[PDB]
């Protein structure tokens, strides 16, 4: 089918109030079919002579990293001039109350392989950013596959975007590319956001989120679009001693 969902006031209101929103169908099934073909070429599962398969990308070729590609639009420029991109930009504009022309953006691709046992630990995306420069922004996480709690859908801490940027630390201080995590989220307050293919979740830069392991025999592919304002100078920057400069 070629139908796609809409957004209304209620979506925006809940995004502002809770720090995230679910969009059941941000990409049509035909757009999803094309996005899957883009991925099928971006993420090649490759065999070895008698050992384990690996994904033929940077990061995969210590402990395994989540297969990801920053700015996949460099390799597939067809990506960022899709109707799905424009639709997402318009959504970002509505949710951020900023003109589409004011938004800077980039893409990010993720693949959780079958039986991938590592979670994406609790974190806030702003924890990765320079505390000297504040941007308003959000991420639109579009899934190409069914996303369930068992396959690695996102979980959020509702209202956490109006709290502080929580203390983070590197998962491993001698292996910083593994990323950041915080221990300061009460998992009992969390809410999961399962999605059907072509669904998306949207979250503020400051909303804490987590993704479970992929316990299923199927890969779970997400395509993330990040939209943000220009940076503003912060007079009294937070220390963020976990920053990798």
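Numbering follows the first chain given and starts at 1.
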* Asked: Would you class the number of unmodelled deposited residues between residue 41 and residue 42 as none, 1 to 3, 4 to 9, or 10 or more?
  -> none
* Which of 94 to 102 and 156 to 164 has higher mean CA B factor, as the PDB entry lists it -> 94 to 102
* To do: Would you mind comparing 134 to 142 and 71 to 79 for me and telling me which has the higher average C-alpha temperature factor in the entry?
  => 71 to 79
* **Most elevated Cα B-factor in the entry, residues 208, 212, 49, 199** => 49
* Rank-wise, by C-alpha B-factor, drop residue 179 into the lowest, middle or highest third of its chain. => middle
* residue 151's Cα B-factor: lowest, middle or highest third of the chain? -> middle
* **Where the record places residue 191 (Cα B-factor, split into thirds across the chain)** => lowest
* Chain-wide C-alpha B factor ranking for residue 58, given as lowest, middle or highest third -> highest
* Asked: Lowest, middle or highest third: where is residue 110 by C-alpha B factor in its chain?
  -> highest
